[PDB]
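Read through the structure below, which is laid out as structure tokens, and then see the notes.
6 protein chains.
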Amino acid sequence: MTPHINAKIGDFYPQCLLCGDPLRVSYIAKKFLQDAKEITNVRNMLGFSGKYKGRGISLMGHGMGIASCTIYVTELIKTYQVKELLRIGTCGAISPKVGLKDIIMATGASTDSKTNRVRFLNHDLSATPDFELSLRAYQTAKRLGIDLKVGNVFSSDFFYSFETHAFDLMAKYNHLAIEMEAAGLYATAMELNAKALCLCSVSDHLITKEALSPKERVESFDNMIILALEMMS
Amino acid sequence: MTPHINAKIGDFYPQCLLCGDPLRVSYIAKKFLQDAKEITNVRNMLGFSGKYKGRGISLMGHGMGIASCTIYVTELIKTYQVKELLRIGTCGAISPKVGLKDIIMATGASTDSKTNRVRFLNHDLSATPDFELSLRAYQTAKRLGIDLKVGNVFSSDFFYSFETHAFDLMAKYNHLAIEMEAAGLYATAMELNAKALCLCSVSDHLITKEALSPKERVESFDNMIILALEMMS
Amino acid sequence: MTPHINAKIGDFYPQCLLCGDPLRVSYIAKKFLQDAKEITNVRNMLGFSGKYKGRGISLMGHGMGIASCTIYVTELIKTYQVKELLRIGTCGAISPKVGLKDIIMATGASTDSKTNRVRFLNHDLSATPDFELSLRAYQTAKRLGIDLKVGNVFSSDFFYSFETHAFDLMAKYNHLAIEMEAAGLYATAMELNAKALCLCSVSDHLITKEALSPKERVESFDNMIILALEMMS
Amino acid sequence: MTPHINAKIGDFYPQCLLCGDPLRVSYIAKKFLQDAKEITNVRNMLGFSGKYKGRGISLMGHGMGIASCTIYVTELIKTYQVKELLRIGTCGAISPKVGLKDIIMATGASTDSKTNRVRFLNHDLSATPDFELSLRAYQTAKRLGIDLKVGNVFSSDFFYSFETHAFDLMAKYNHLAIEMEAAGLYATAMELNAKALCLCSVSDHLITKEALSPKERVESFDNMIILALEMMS
Amino acid sequence: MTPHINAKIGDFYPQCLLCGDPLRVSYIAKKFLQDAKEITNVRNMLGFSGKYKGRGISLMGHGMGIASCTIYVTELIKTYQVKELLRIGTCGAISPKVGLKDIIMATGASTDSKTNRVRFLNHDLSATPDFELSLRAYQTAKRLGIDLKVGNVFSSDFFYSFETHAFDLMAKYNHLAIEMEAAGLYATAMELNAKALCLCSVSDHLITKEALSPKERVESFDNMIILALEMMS
Amino acid sequence: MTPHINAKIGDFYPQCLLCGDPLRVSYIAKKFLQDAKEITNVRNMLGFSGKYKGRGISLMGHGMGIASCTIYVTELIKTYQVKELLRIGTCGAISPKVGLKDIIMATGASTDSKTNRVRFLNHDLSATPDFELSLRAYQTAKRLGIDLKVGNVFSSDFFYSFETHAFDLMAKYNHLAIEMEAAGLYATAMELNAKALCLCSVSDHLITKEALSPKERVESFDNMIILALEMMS
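Protein chains in written order, with the numbering used here: chain B, 26 to 258; chain G, 26 to 258; chain A, 26 to 258; chain Z, 26 to 258; chain Y, 26 to 258; chain W, 26 to 258.
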């Protein structure tokens, strides 16, 4: 039905969790969902629909980077009628305000990409999440006793930065971490009148300088997963 | 002291309400504050300290445009130890999602200014308010029976726009109204680790050409003033 | 009549002096003009008309920053038919060629604002004054024996710069001082086919760190004020 | 070994073929490569090593967009010591000079990404392939009776473009087709002193809206796979 | 001594006239100077020294475009000690206020070049002439009976514009004509603390679409030549 | 017929060699062409037509910098029907891989000019030569026993750089040398559907500190001249 998703129209629930990693999506379906069905698998980018403790949710992989993320989110909204999108990914810490393990809620996503300038009159689009979703996250995290760190992230076109000298400046301006997709998710959701939010877990520390294995990036962040499932349930 | 404020160190309370118009500031002190004292008046830009329901509150004018607002906000934080800054004003609505008398909570401020590019590595800074402050506005509005319109505003360097043809695109991307300062207030507060939020009253609709009568303008601004004072108690 | 000026349509003389500070404007009206009338006071931004040595002249406050200055200058030209606009402001010296209280005529106003890029095809607009006003300032200063310094100024969106490391480069390219409005004045007068010039007196010296008090910024510049009045005769 | 590749150093041969779709990578391994072995599978992004006409060749998936392709290419060169990278993909034709089923050698990759301005002093990096590899492709195509179409491609951050009105201009400047990775592959190989080339098969015509059937796409893709393997052996 | 000038250090007088065309330079030496000596001829770019009414004056060709003009003016100031540089060039009028053969004094040179952004912090440099020279031109034109038209020029990288639709906008903002060098002459003299002015004679009218016809462009601009020689005398 | 060329239509052969220096063009005409005729001479920018091994070839000066090169290339293609344009210029080496008098073939021309962003939607145009011409150069160089170095060049608006600290980064990205016209030649040829290529001989080595005299820049590069004539045969 679209070039990158081979689900039937109607296979997605209106609420969808997203990860860049399709194997994290697969792990979520197996560990937390019942009656789960793989609904799409083009380019190995898996998506699922199932029940979290009796309530329907969908999961979808979005690949790495703003261009990849934009592709999947565009199709989810425009073709698959998805209304609420919650990214739960990984990020690299740069700020003294946060530590490893920490879950960050991104109230803004700054970027070194040109995509928002192309979208938005070559001006500065402030890429932001839906407020209702951010409120629901905060309240749920409180209810569950999960100490959520709240601020900006910086969404980069680079995993391997050319601007490591600038991390302190970013931290000063309340950038808690760097990842590579939130500004894409936020701008696409704004374009298309949908509700989006990004949470991310600090697996890696860019200034100290720890890094999780590929396996730990799938398996270490059950608290963030539970937060997402609970807030969309 | 500073070139633009003649208050004594210690004259400002840590929480301050801000408006563009120093006569709106004056109006607030004269009507709503107990023991209101004028604390500064350089360039006729007035500021006050007083009490509301037993709580110390300051008020400060910030003039028009990001550059003017930045001066005042920088001085308030760095010299006068202001920690929480709540800006209230009118705007020009550009979205069908809002109408006359609506109060907007600006969860992002986009801009055509170069100021955030200068501050932030020539990249896109997502200028955002403090989350706790925004949560405090939402909960207070709920208590007061105000239905907050939440979304982005666009902060322009132009009152008389050369890009009116772009207003529908702005509205498409969840910009509910146009004003001239919020992106500056937000960036400055991000730079300086202070808590900021902007609320805007819809007095004019730039698309529908709706405009409130001079009397209902006084009544609607009073409603927004009450919201703000209630938030700072 | 306009949102920012409440003068009647023939209240301004075609020749108008401008200061960002409405209290310097008030000072000038009281000390130097006969039959001076306050003609506007919206947002506490004062303007006056009266006579100097028999000839009508107007005075108008323009606030701080290009965005503020543009609002006022646009309205003075379009609504009030002002033909000649002479800013007599303050600036921060960055060259040893000038000292505290020196008078500078800006033959060009460079800028870190995006406003002229937005106005002018995303190209470089060289913001410049009317040559005949500049000629008249030079000749009037020689006659009065006031030694006018002549060169570029840099019109910034920042009073508190993030680029102090660049001030030497700006001084190398013949920028004598930094102020915040000249580029906006010049571009607005260019757009609207009006005659403009900016003079500024040095109120801050960024080499020497000496800075005037707010009161001194009103009172210390009679030579600049007399120069301005004399060139309008 | 890296966050995105779980192969051991020594697993990749120094020549590697790249495709965006890891299922395409799998197909090539299963049909064309002797002793095909899966060597990486992080995020479902498959990579393989095996032999073609006696020559060791590796295959690696790179995902969609410049940011994703940059991650994988950086790690293949800097960790896995890959020296020669040949990307083969589909593209959307924009030029009258090409049509469906044509194979394009990209001698330049233009872009709407900011990545190369970030890499390269905010100037214009002309992102180009290694000349000797491009010569090898030309000679191998002639030998195989492939009428190789040669020109620029335009590497976009957008699959769903906001600038379809510009496709004719891009075609005028010798952009034969649009894809989403070549500028990244080229700039990364330039940075890291590796040899890279991108070939792409026209699967869709973005002007006429004609498109190959799924069967027709696999058949045209096979010709390009043979070209790539033959030039690497 | 330089790659572009084969004059000996000391061959140039400190006052030098400049044209893009070395054959205009030749014409001036032969018609207006006594004891003229050709002092440089690298790339056929002729320069001369001679006498006008007993005073030493030099002449130098500078080719077309900001980059060519910058080469020669940098060399003249830095190697050859030239102190005063007066360009007497040709331009294409975009204003109704000017006609064929009118002389324009450029009080500002706008540009579509990136050169000034490269030189000046990526901001807007207002490229302007030395005020004393401009005063000297104005007084000398007055004494001679020459009607000097005064305003900005637009210095383009394009003789054959891609933006002819924008000539009306350029004219609105007080650009009387388009040429290709003034912004570079002015920026280089500002860099290097030298005095520079640009005069240009209208050879082409781009609005009325009228032009001088080769014959004709030779003795056409004697008013400008003499004005220049008189101001250096 | 054009303001910059006074040749008659049909005076140019369809294959043209180009140098910035019209005296190098003159040298080539006298030393290597039979029955050579000077065909144009406007602004001392010479051009010729003659025969090599009985085949017609033309030669044209293009001056210095992209704006100048663009003027002449535009006129040669549009008015004079020139189909194949071969720049044989000079350049400043920034890589250890090349020495004084080495011949570089530019497979891309990076730039600090704004010209290609003006041309190309504010995006990155990858400025590249015609492939068949580059193939011809390579094969012809083999035939002659000339060792042709191949890679990118950086086309600057500056001979005297403000970014000398960036040379090592340009070299890292496979820029062998800096010159000032190739990106303009390439973009113009791309715009007008013509075949172009740039070869340049090293006249300055910016790393080792060699620099040829003006005479050497005319006379030292017979190998490059012979290569160019033989490739047009």
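Note that the Cβ used here is the ideal one computed from N, Cα and C, for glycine as well.
Comparing alpha carbon positions, the residue from A/226, A/144, A/177, A/173 closest to residue 150 of chain Y is A/177. Annotated three-state conformation of residue 57 of chain W is helix, per DSSP.
When C-beta atoms of the region 133-145 of chain B are compared with those of the region 201-218 of chain B, three or more pairs fall below 8 Å, so the two segments count as touching. Within the region 89-100 of chain Y, contact with chain W at the beta-carbon level (separation under 8 Å) is assigned to 89, 90, 91, 92, 93, 95, 96, 99. Listed in chain order, the alpha helix (DSSP H) elements of length 4 or more contained wholly in the region 84-126 of chain A are 91-103. Less than 8 Å divides the Cβ of residue 37 of chain A from the Cβ of residue 74 of chain A. Taking all protein chains in view, the Cβ of residue 238 of chain Y is surrounded by fewer than 16 other Cβ atoms within 10 Å, so the residue is classified as exposed.
Linking residue 43 of chain Y to residue 96 of chain Y through their CA atoms gives a straight-line distance of about 13 Å.
Using a CB distance cut-off of 8 Å, residue 175 of chain G counts as an interface residue toward chain B. Annotated as distal: residue 107 of chain Y and residue 156 of chain A, with beta-carbon spacing of 8 Å or more. Among the CB atoms of chain Z, none fall inside 8 Å of the CB of residue 185 of chain W.
DSSP places residue 136 of chain W in the uninterrupted beta strand (DSSP E) bounded by 128-136.
Within the region 206-232 of chain B, contact with chain Z at the beta-carbon level (separation under 7 Å) is assigned to no residue. Taking the C-beta atoms as reference points, residue 110 of chain Z is found nearer than 8 Å to residue 210 of chain Z. Within the model, the alpha-carbon separation for residue 182 of chain Y versus residue 120 of chain Z is close to 28 Å. In its chain, beyond the 5 residues on either side, 130, 132, 222 have a beta carbon closer than 7 Å to the beta carbon of residue 159 of chain G. Of the residues assessed, residue 153 of chain Z falls on the buried side of the cut-off, its CB having 16 or more other CB atoms within 10 angstroms.
For the region 128-139 of chain G, the beta-carbon criterion of a distance under 8 Å to any beta-carbon of chain A is satisfied by 137, 138, 139. At least 8 Å separates the CB of residue 204 of chain Y from every CB of chain A. For residue 243 of chain B, the enclosing alpha helix (DSSP H) starts and ends at 239-244. Bounds of any beta strand (DSSP E) do not take in residue 145 of chain W, whose DSSP letter is neither H nor E. Chain W places a beta carbon closer than 8 Å to that of residue 48 of chain Y, counting this residue as a contact. The beta carbons of residue 113 of chain B and residue 253 of chain B sit about 5 Å from each other, so the pair counts as a contact at 8 Å. Under the 8 Å criterion on CB atoms, residue 153 of chain W is classed as interfacial with respect to chain Z.
According to the DSSP assignment, residue 231 of chain G belongs to no alpha helix (DSSP H), since it is labelled neither H nor E. Beta-carbon to beta-carbon, residue 214 of chain A and residue 98 of chain A are separated by about 7 Å, close enough to satisfy the 8 Å threshold. In chain order, 77, 250, 254 place their CB closer than 7 Å to the CB of residue 57 of chain Z, counting only its own chain and leaving out the 5 sequence neighbours on each side.
At a cut-off of 8 Å between beta-carbon atoms, residue 28 of chain G makes contact with chain A.
When rounded, the separation of the alpha-carbon atoms in residue 169 of chain Z and residue 257 of chain Z is 14 Å. Beta-bridge partners assigned by DSSP to residue 180 of chain G: G/136, G/204. With respect to the C-alpha of residue 61 of chain Y, the residue from Y/68, Y/70, Y/69, Y/51 having the closest C-alpha is Y/51. Contact annotation, residue 226 of chain W with residue 180 of chain W: C-beta distance approximately 16 Å; criterion of less than 8 Å not satisfied. Annotated as proximal: residue 230 of chain A and residue 118 of chain A, with beta-carbon spacing under 8 Å. The continuous beta strand (DSSP E) containing residue 76 of chain G extends over residues 72-77.
Distance from the CA of residue 166 of chain B to the CA of residue 128 of chain B, rounded to the nearest whole angstrom, comes to 10 Å. Within 8 Å of the CB of residue 143 of chain Z, the CB atoms of chain B belong to 137, 182, 183, 187, 188, in sequence order along the chain.
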